[PDB]
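So that you can tell them apart, the chains are marked A, B, C, D, E and F in the order they are listed, and the count of residues begins at 1 in each.
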Amino acid sequence: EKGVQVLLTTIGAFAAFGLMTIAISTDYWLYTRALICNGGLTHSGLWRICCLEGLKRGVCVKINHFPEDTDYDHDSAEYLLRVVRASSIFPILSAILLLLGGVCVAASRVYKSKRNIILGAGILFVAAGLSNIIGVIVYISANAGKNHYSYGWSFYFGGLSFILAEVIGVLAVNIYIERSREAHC
Amino acid sequence: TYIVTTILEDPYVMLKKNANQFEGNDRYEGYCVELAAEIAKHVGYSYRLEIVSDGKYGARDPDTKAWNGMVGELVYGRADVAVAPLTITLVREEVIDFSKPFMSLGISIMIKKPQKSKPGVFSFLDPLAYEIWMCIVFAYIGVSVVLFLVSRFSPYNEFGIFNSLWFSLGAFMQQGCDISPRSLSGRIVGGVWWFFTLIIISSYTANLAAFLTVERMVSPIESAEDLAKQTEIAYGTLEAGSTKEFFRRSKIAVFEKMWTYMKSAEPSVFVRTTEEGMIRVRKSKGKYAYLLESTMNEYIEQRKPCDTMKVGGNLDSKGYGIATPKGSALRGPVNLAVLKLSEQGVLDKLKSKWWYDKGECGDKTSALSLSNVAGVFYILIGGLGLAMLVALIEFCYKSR
Amino acid sequence: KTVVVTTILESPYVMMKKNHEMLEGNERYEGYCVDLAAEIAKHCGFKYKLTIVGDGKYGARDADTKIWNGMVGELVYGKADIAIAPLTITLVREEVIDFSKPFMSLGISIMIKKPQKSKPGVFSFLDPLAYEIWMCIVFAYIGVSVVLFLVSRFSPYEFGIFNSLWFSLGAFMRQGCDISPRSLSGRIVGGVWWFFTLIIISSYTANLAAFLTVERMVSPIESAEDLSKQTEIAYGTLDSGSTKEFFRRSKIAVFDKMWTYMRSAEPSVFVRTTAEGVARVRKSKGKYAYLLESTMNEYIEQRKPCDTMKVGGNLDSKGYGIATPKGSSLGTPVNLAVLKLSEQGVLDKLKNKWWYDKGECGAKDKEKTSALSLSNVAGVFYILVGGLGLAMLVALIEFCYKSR
Amino acid sequence: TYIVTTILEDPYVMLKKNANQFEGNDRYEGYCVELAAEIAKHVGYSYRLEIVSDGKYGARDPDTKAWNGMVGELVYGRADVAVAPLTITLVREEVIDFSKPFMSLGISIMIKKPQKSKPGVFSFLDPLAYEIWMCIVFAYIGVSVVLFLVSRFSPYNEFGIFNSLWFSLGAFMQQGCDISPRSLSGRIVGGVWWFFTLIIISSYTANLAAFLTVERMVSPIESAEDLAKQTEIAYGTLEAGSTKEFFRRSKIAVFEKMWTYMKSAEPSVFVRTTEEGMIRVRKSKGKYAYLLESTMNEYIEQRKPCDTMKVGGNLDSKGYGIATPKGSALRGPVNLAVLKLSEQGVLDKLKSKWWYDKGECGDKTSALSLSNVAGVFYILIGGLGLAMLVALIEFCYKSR
Amino acid sequence: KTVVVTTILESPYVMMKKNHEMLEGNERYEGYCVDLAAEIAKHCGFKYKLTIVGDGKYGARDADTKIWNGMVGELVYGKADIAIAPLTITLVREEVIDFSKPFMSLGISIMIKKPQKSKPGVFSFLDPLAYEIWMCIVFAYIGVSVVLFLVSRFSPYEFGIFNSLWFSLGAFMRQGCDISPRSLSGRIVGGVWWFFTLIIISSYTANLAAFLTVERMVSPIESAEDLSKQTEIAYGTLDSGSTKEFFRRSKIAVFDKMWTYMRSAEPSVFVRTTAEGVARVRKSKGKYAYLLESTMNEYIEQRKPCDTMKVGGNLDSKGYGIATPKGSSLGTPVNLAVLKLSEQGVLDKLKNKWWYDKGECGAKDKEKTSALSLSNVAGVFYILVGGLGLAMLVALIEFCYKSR
Amino acid sequence: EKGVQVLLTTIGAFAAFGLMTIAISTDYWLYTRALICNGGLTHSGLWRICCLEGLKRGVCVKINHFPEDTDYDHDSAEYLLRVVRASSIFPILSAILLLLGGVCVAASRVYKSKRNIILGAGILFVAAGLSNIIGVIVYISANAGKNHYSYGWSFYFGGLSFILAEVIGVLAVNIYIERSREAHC
């Protein structure tokens, strides 16, 4: 229950990180009709859009996250959104925090002295979760700015990533409370 | 033998079961075929059923003063008689004489009005987009976990992961609170979640109000005037027919306006054949309406699937009479037949039988129906099911 | 010889002018039919005199007598040479009197008074949700309470049948309850009931918003078939008229039933004059509806007070033609005049000005909403006071039981 | 001396401070009076200002071919000149010649559009009638007292009269519950009060939605087409004027429709005098609109209280020129003056000064403004006041 | 001699026909102005030849050169006998070229692209209540908490500043709070705050219902004065045209400023052709607006894609008359033709068919509402995640403080 | 506090009864424009309508609570309302209960033996209250079935009647609880 928890945390932490890294790298985030190739069924991703059954088949082009718009500046809402969409800093931050948590959960094993070792691991995992939610929101909002769009498997990985990221966060909290209760009394 | 020109349009003329197997008159089974047989018996005159090459009710060329289809075949004299649903018009009466009308007619409006679309289970979720619902679920998980962490962040606070999940679910529904955050860090989480809940619930309520308002203020077309006024609806009539000529010559202001629009409508609203008109209506889902004689509207309603219905009533009195070349010898006998056969009631019975036997189909509250909110009831019963199942799991666990 | 014209006085076909008493000759009557008669007179080159039939009923023939009355009666006797009155073209009439090609054709319509949104009833507050939803909410409420009770007693973490009923009733009204399910099995029941309550309350609020925004008033008889089935509104036709005859000879079962019933109704639903029919409708407040030709319905609607309306598709199309004695010398010229005037479109223009251009109504059609009056929400107050009554009664029952 | 016919209509002609004290030309002070003086100086021709008996801009009698008012006085030759805002019409040009126009004109629409009505404090209570509010108060007292009685009916139940009042107030607001009825008799009271609260709150919300929807979907008149379409608005024009003649002869379909309606409008929309038109607009509160030349619309807007404004822009180009009998000797000099005085800029400056000096008055969000919900804030601050006052009363009582 | 007609190609006055390349003569151009020219030709009894000025700008005079170009330029040189192009009647033009009575008069209008309801912003959820209400709600919230605190500490029946702040925040969100005022003085504060919360929440819900029901889109420049003040949208006129000249010579301060600015703008807001102006508007998406005669605005709106609209009252009325060389022989017949055709109303009928009857738009005007997209409510999610962030940050601050 | 309560109860009970009886008898319930006398300013009451500044001045006619209507029967909602309006059985019931309470509060003085004496008095007073509310509702609803209408002083007496009727009901409850606590222990 206590020892298995720590194993599940670590096992899950890498699985969550794995899903996020697969998601970020994969180009199957959204299936939609795109003018790119000749109203074409396209598997668009977080980073690159790959067309299917259009002008080409399997062709992958880097997406333009800054087209010719009405609101463009250094400080504009329309711009600042697209900046964050293009950068995908939130999806990435999630993975960095998941990895850094994956370090901190490992560090908690060797350094039982520091109860605050696992505390951090959890805090990171929850934050990684929050980051993911922003990441999903910024993405959906940017995609919007009726053509049918269906979220592909890559997105749902990022969805599943969050669910895990939250869960390992819960476990991390439980472990901290256990280790603190061991130090207590 | 008199060659009879007749358009193939059900129920007046329908193709028999096997077009290859049936030949001559036996090829076609229709009310007009039955009526032609009755005329043939009464007048003692042999008839040959054919379909005109042109396949049009009639046309007027102003330059040439020439008719087309059934009217054209009688004008040229190539077809000896027309036993057909051809409206008796002033323009037609001058070129070819008409016998007393067998049946009354009117210009009517055919639209797919009775779509009778099922609301569908999980239509209660329609006012908020699927992504909002999915983000609400993420937000719900996010808040609970964050509330749990902040409550347990500093060692000794009654908020376990399960109690935090409950508090959050309680706050979003707004129905109850078992417990309330005491910590500043906690109260911030709750405070902001409470704000999120208020705006989403209010958003849902509002937008659901928008949907139910706009679907209570839409008026289905009730009049020809209504049809003309609406731009979005495209009323269409057969490219070549008595109705198309009537609208062109129509002296009525509302009718002249409606006719003018047809010329100035893109894509062109005129349809070559009846079936093409019917398909155009079904594909448009009422974005395009069809103008045709009330008799054919009646049959389309009787025939499955009753997709197209009648709007208001018939615009004007029309009649279909036997058409022959002006001062033909055949005209006199067919005019007398139109009275003898009507008084016999055989003609009337044939019309009654054809519509009733074919007929497959033979009441509005603005109040929300069980169907509109059905999904919520299904979820409730499903939840009670799952709850009982989980109760038995807890009961089995408690024993061991 | 000057042609005596038997014209019935029915606006807008014939209207007596403001100063018609001061005026003499044909000047006294000004109408579409008067304009039409003048046009016929010009094409025929025959002087015409406007006259009104004493009875004013265009056709009346007793089956026993087999003698026509009204416009038909003046032509049969030969006293009137010509009739510009809009006589319906019927088979029975066609055999007795020669008929010109119809100047106008119109269907048999239904005239009913406009529906009233007045007097919101008690339990009008329950209107936005259908009765089956309300009944299912009650079933759902019983279902949830019982399931919450069973799970609580079978798998304890208390929730008695009475406490579970209270929790559920508390949750549906969005009122907080101090008792809360603690068990996972319990919290699922509550959780899903809470979801049910939020959507229904929100649905009710929304739909009630729809109703109060947009006023649609239900027509009492939407169609003729509906009218015959319900029998809620008595249906009447001109006591002596083509409409009364057509219904009697009608081969349709629903029409034969309606004719039998109208003939077999006391007091008589049959009315002497058009005006008598209109007044009967207004006095009945929709307890009596009127069957008349769509043309007169149209102008009656256009004339103030804009209460009587045309409902449903016309029962059948009827033409109105210039009427002459059988084999009259006038007949041929008038038939050619009707054809000439129809090609000219003069008839259509005359109809347009009289029928719609008059604009007594102006075809008037999102008026500023009214604050809810105690009537609209009266039911909820009655339920409240009834509940407080029952509560006190149950309190006294408990008080009496506690003593013994 | 040339007798000049001029209508008394501000700002062109306004009556001087003391009508008794001022005589001849000094009696009238206006832009047209100033303009007449300038014409008199430039042409070196003595002028006598009078007001025409008829007091009409002009009329056409088809039977007699006779004009009335200023036009009539020039046609008869009784008045030697017309220095007035008389529009140059084709019909007028044939009877009496016109000099080059001093100022441009257009047919405009005057309505009391800027009413700018204050919502008022205690407008938040508008969606529910006063009787409902008063009955809610009675119901609130009723429920609390009944809850108190049922709780205390049988001797030993934490519901005192003050706690019952609190519970009831808590339930109606839906914000909180300190305590909950345990007794069957109690739970019935609460149960039914909870139902009452849900329906009233929901009613209030809904009806308030209705009010704010209907006042967001009402479009103020933006075009002449809009004016013609709306039956409820009655646009009116002067009984006798160039604009009234223009609309009668107007070849434009929308204008012919608008003109036809004026004849078929009850009560009659035509008004004899400008002031009568202005008063009719103010009494109608926009149920009646006024059609007049854009110049006079401009002055009514400038003049306090700026009740009437302009809709869209001017329908058509018009001009006011000096009117003289066709081929009068005076015509030639006044035509040359209309150019000399325009180039001088004195005429232009006089018009600018008259409008600007008179002028008293010189921005829409659908969002609810503080004013709309002001009363609730006043009640809040009042309550906090009363609360403090009651707190001090409790503090004083606690001491003694 | 055949009269050379200098007509600019601007629909609907002049439109090149589908097969105008195949066609020869005047057949290539079909328009209102072509129809009008034919009518003038019939009254004058003079054969006419349709021609287009090379420049296509009706007036161009350099102040230094003082030489006219376009239709004016063809009349000055005498190469074109007559101009059916709709030349504006301006004082400067009137002195150089003889002008017939205006066939049509139209005002100087503003053409802008239609406003877009797209891209709901973050904090769009706060739109139904004005910013001052939100700020006053915050003040009211602080007011209530502080007053509840003071009354609780001064007249005790606990409510600390932090607990009072929590109670108030709890009450505004309609979320139940375990702590409740017990004192009469306290319960008054809570009681009235509860009333405030119920009405505001209900107000917000209602008004948000209004917004989502009824879409009204704000015009970027509602009036010309508004446009000049904001400077948000650049305003442009025909580089060489009556509109550009009128603004320069305009004695109005706002107009002089607008003229100076347009003249002093880089890149040039002045456009070579009408079509160039229309395209510039569409590419700018309302960053650039167009000033042109209301007549062309009208037909541009009627032609697809129905995006460019007419905003505000016309800046001033301008007439368009048949233009001839100073003292031309053609001048008198054409002036009489304009007067004859105006009395006939032929001109008005021609304008009606071309301007509105074409119905390319059909003057299209409660479309089915759309489910709220995450964008519309995005702000509330950002606030939620921001709050959770801040909460965690404050939790760690409390954790660090607890250690030391 | 205890003894004064009983005096206030009795004093108030007759005042409440007095207001109700004045209200019922008075003809000043509603000021409105009525066709009765020649769109006339009229002081209509619960029982009789008296016209002012019309055809007459001071003329009082018995009101027709059953005019020529659309819904008329033995059992109809429209009818059953008008029946209750015309009868004014609820205003009257209030007064009967107020009086009967006025008896029971007097009976509580002489018979201190019966604690249930005052219990009844209170129960009656609350019921009298409830009755009043129905009485106000049925009246307002019936009046409705925009001409200006203003509730005259007679109505507000019936309003004030309820407020008292409730209050004496509260006092009656307090007295019962006191007398029961005296019997208790």
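Note that a contact is a pair of C-beta atoms (placed from the backbone, for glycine too) under 8 Å apart; a residue touches a chain by one contact, two chains touch by 3 or more.
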Compare the CA centroid of chain D with every other chain's and tell me the farthest one.
-> A
Which chain pair is joined by more contacting C-beta pairs, B-C or D-F?
-> B-C
Would you mind pulling out the distance in Å between where the CA atoms of chain A average out and where those of chain B do?
-> 47
Cα centroid separation, chain A vs chain F, in Å, comes to 70
Determine the centre-to-centre distance between chain A and chain E, using the mean Cα coordinates as centres, and give it in whole Å.
-> 43
Between chain D and chain E, the Cα-mean centres are separated in Å by 25
In chain E, which residues are in touch with two or more of the other chains?
-> 170, 174, 176-177, 205-206, 209, 211, 213, 373-374, 381, 385, 388, 392, 396
Got the chain A residues that touch at least 2 other chains?
-> 123, 126, 130, 133, 137, 140
Hunt down the residues of chain B that sit against at least two other chains at once, touch-wise.
-> 131, 135, 139, 142, 146, 149, 153, 174, 176-177, 205-206, 209, 211, 213, 217
Would you pull the chain E residues touching chain B in the complex into a rising list?
-> 125, 162, 166, 169-170, 173-179, 201, 204-206, 208-209, 211-213, 357-359, 362-369, 371-374, 376-377, 380-381, 383-388, 390-392, 394-396, 398-399, 402
In the complex, go through chain D and note every residue touching chain E.
-> 90, 104, 106, 124, 162, 166, 169-170, 173-178, 201, 204-205, 208-209, 211-213, 216-217, 251-253, 310, 312-314, 316-317, 348, 365-370, 372-373, 376-377, 379-384, 386-388, 390-395, 398
Contacting residues of chain C [partner chain F, same complex] | 118-119, 121-122, 285-287, 373-375, 378, 381-382, 385, 388-389, 392, 396
Residues of chain B defined as touching chain E within the complex | 126-129, 131-132, 135, 139, 142-143, 146, 149-150, 153-154, 171, 174, 176-177, 179-180, 183-200, 202-203, 205-207, 209-211, 213-215, 217-218, 231-232, 260-261, 264
Complex interface listing, chain F residues touching chain C | 70, 77-78, 123, 126-127, 130, 133-134, 137, 140-141, 144-145
